[PDB]
Amino acid sequence: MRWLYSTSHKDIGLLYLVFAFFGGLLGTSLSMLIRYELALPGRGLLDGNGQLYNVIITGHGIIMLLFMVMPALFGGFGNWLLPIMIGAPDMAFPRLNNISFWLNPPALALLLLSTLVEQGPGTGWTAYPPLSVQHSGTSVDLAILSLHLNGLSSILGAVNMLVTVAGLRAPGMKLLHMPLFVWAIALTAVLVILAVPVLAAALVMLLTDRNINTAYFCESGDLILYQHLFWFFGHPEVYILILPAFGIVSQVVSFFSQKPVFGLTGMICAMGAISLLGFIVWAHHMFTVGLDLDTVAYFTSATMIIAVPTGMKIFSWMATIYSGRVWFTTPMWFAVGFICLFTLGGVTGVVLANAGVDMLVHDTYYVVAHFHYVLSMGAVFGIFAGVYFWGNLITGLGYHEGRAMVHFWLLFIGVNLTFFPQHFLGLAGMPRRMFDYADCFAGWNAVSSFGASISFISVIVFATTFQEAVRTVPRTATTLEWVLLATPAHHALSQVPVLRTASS
Amino acid sequence: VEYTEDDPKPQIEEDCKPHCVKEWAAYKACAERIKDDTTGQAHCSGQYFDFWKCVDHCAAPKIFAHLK
Amino acid sequence: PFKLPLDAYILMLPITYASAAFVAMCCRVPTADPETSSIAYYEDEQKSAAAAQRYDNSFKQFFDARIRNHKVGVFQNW
Amino acid sequence: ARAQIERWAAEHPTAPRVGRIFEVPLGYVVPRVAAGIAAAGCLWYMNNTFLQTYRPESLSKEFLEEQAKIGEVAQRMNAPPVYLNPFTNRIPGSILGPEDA
Ligand code: HEA
Ligand code: HEA
Ligand SMILES: [Cu+2]
């Protein structure tokens, strides 16, 4: 009853976090089949079934992009933390916040049910036609309807976040005193509202091509138009998933360095510049489709400008740690590991942004290594940094510090030894979305499959970190969630706190 | 290992010859490159030495395995 | 919301450049050769060849001298 | 900024403050990450041994010896055979293949 009928943002955020953990377990399980099939040349445990392998990679990519990272960062930490952080007593629309969650288990059920129907939706997470149209049966329709429901969830959540920020702020607190987590969540909500309905329109076009015999992407239509619409959605999508990670890293780095953030207005202008440039560079996913050279020229020159604000943010994080009083705990390591390993994933993106170089490494495992750096070191590290940081405030349980460092080191060893050899495979010319390869690619695939087992064991050890908590009394803090008890009451901020400017 | 009256070393040297194909290609390129020289002052000793050094490095332990 | 820091204008110069390039690219496409909804456009071979060669030359004629000079790298690799 | 750190340290009493960069001693970390890597290696070995349905015939030792005899040589149906990858194996530009050498 409590968890079914809730209107509190703190219960809904915890439900999002538990759902995202479930989705992460599902995508970990689907990814051991990918690495267990690819360990050796020939035919593995899938018995040479290529359609089942395509189903596995499609479901795994969709699940890890949309039912793990977004429900953890945007829905889990944002809903729990935003009203406490800005001093709002609740969200602007408390029942819209419950339907923003409850459209996600139907979408997950539709996506998991499409795998048991016919031969499944083996198309890739991008679902390009005419391969998606050619699939006969029901599975692809269930997958696209799952994407539609998840997009509706995201749009409703973004509307609630944008109205909660603009109109329920604490008295005296302007748009200068909110933490960078709030600014990141607000910019993510703006990106969601501007980007998700274009995907919804493209998916409606895909259903009308599949089932109504229309002429959007077909014999008489244009198949490049789908890639235009989908990537106009999809390049804002990857920045939707990384901005709350930036906010969590700012809050963690500023906390244990005993210092405020270096360059707050520069940080906000950099996040805004990242949000604005993400809507005019979508066609770097389409260098090999046969666009004109002027279009490719522009989309090459405009993609590399995204390096400057991200570099400013990384250098400001280093300046925040600089000249501080640093104490290294498990969330502090996950932030240091973030800043170290996001830089490695970002620099390969600059290489991929250059179109002539991209003619050699398009649809190779080089791209896979790039986006598993910026997502398993960028978003997963940001998620795990917040789990150990705010965990006794959110859940009411503390964590054993030694086992958490064991989990961090097992994870850090596992994911580095998994995706670093995939750079060498992609440079040599090993293509994506294949379950059998040439005989010479055996060594780095064996190394990467060895690393994935370490990553799985790291996932196992994380369940052993939890233990009983110790509760003390707060006096002062630099943010509002650290003057509250652990756990807070159902109505946190029983009196609305105000911000008083000092007099003369 | 049986010991025979004929020499096993030429056969072992022939068997190690596919392992050094790049050296043989370089030697053949040298031999065809200097075919126009009229001064009498052009040879192919360096590439020949590289190829036979590769062949000897392959074939050295196999010869004494066949020798008493 | 705040005072724009001295960084933000240095950010805004290539951002304005990218926005102007995007607008010019989107604007020049309905003034291109294959954006004609007729077959009778190509039966005038002088005008169509002139239009399509003009579509080739612009934004490429800036690069002809260094294409001929093979300035394809930052360094000089032979 | 100091009081919130001191509050966090009181609610996390298992986190050490002993004056060194790695607060948890490495005598605790190293055997346990070693045990984790050992379990991962056991799983990886079990996949390599008991979960394969087709091992291709180009990885058998007879194929490997007969391929090592040939080397990196590609045949042609309209021309003499050619050395593969002439830069990383340092074939000179006068030599095109073994039979033409
Ligand atoms: C968020 C994104 C994300 C994450 C985390 C991962 C995680 C992993 N992925 Fe993958 N992957 C994709 C996104 C992701 N992946 C996408 C988009 C594709 C494309 C599919 C397509 O082309 O159609 C893909 C495809 C893909 C390929 C290419 C397949 C092919 O081309 O044929 C490979 C190859 O090795 C791979 C392996 C792995 C491995 C070993 C991990 C390991 O890291 C295992 C995971 C371990 C973790 C630790 C992460 C889990 C996180 C949690 C459990 C945190 C949640 C916890 C709380 C909320 C408390 N996945
Ligand atoms: C977390 C998600 C995430 C993030 C943040 C990014 C960030 C970037 N990405 Fe990427 N990308 C993906 C997720 C992401 N990407 C996914 C999932 C795909 C594959 C889609 C598919 O499935 O097909 C993909 C594919 C992809 C492509 C398509 C190529 C192809 O598939 O053929 C390109 C091309 O430009 C690209 C480039 C970039 C660039 C330039 C950035 C930049 O934002 C990064 C900028 C950061 C840095 C550059 C490092 C920090 C900067 C400094 C330290 C300053 C110094 C730097 C310089 C002086 C240059 N990535
Ligand atoms: Cu992109």
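Because the Cβ atoms are built from the backbone with ideal geometry, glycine has one as well, and the counts that use them run over all protein chains shown. Each value in this text was obtained by applying a stated rule to the coordinates, not by laboratory testing.
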Where does helix A:264-277 land angle-wise versus the long Cα axis of chain A, in degrees 0 to 90, nearest 10?
-> 20
Residue among A:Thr303, A:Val196, A:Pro488 farthest towards the positive dipole end of chain A, charges placed on Cβ | A:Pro488
How far is the Cα center of the stretch A:26-97 from the Cα center of the stretch A:458-494, in Å?
-> 26
Find which of B:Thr4, A:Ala72, C:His70 sits farthest along the positive direction of the dipole of the protein assembly as shown, computed with +1 on the beta-carbon of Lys and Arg, -1 on that of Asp and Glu, about the Cα centre.
-> A:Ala72
Within the set D:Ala40, D:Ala68, D:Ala15, GNM on chain D using Cα springs under 10 Å gives the largest fluctuation to D:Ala15
Most exposed first, judged by fewest Cβ atoms within 10 angstrom, B:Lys17, A:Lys174, B:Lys9, B:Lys28 run A:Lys174, B:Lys9, B:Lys17, B:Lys28
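Suppose every K and R has +1 on its Cβ and every D and E has -1 on its Cβ; what is the size of the dipole of the protein assembly as shown about the Cα centre, in Debye to the nearest 20? Could you put the intermediate results ahead of the total?
Numbers: 44 positive and 50 negative charges, 725 e Å.
That gives the protein assembly as shown a dipole magnitude of about 3480 debye.
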Kyte-Doolittle mean at least -0.5 and Cα axial length at least 27 Å: DSSP H helices in chain D | D:26-50
Given a cut-off of under 8 Å on Cα pairs at least six residues apart, what relative contact order in percent is computed for the stretch A:38-139?
-> 41
Going toward the positive end of the dipole of the protein assembly as shown, with +1 on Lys and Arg Cβ and -1 on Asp and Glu Cβ, which of D:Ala9, A:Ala158, A:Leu46 do you reach last?
-> D:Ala9
Do you know the relative contact order of chain A, to the nearest whole percent, from alpha carbon pairs under 8 angstrom that are 6+ apart?
-> 17
With everything on Cα atoms, drop me the angle between helix B:21-33 and the longest principal axis of chain B, reported from 0 to 90° to the nearest 10.
-> 30
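Quantify how strongly other chains surround peptide C:52-61 by giving the mean number of their Cβ atoms within 10 Å of each of its Cβ atoms.
On the way: counts 0, 0, 0, 2, 3, 0, 1, 4, 3, 0.
Going residue by residue through C:52-61 and averaging, the value is 1.
Taking Cα pairs under 8 Å and at least six residues apart, what relative contact order does the stretch A:335-484 come out at, in percent? Could the numbers behind the result be given before it?
Details: 161 pairs, mean separation 43.2, N = 150.
The normalised contact order for the stretch A:335-484 reaches 29 percent.
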Which angle between 0 and 90 degrees, to the nearest 10, do you get for helix C:6-28 versus the longest principal axis of chain C when only C-alpha atoms count?
-> 10
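Exactly which GluC sites (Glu not before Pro) in the stretch B:1-67 are in a DSSP loop and have at most 15 other Cβ atoms within 10 Å? Write out the running numbers ahead of the final one.
On the way: sites: B:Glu2, B:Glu5, B:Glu13, B:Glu14, B:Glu23, B:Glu32; in loops: B:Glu2, B:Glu5.
Taking the stretch B:1-67 and a limit of 15 other Cβ atoms within 10 Å, the loop GluC sites (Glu not before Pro) found are B:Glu2, B:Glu5.
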Total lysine pairs under 21 Å (Cα atoms) in chain B, excluding pairs fewer than 8 apart on one chain = 11
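Among A:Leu81, A:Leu499, A:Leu149, A:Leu96, rank each residue by its count of other Cβ atoms within 10 Å, from fewest to most, as a rough exposure measure. Let's see the in-between values first.
Details: A:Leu81 28, A:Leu499 12, A:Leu149 18, A:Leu96 15.
Least crowded to most crowded, the residues run A:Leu499, A:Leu96, A:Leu149, A:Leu81.
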Counting only other chains, what is the mean number of Cβ atoms within 10 angstrom of the Cβ of each residue in peptide A:392-399?
-> 2
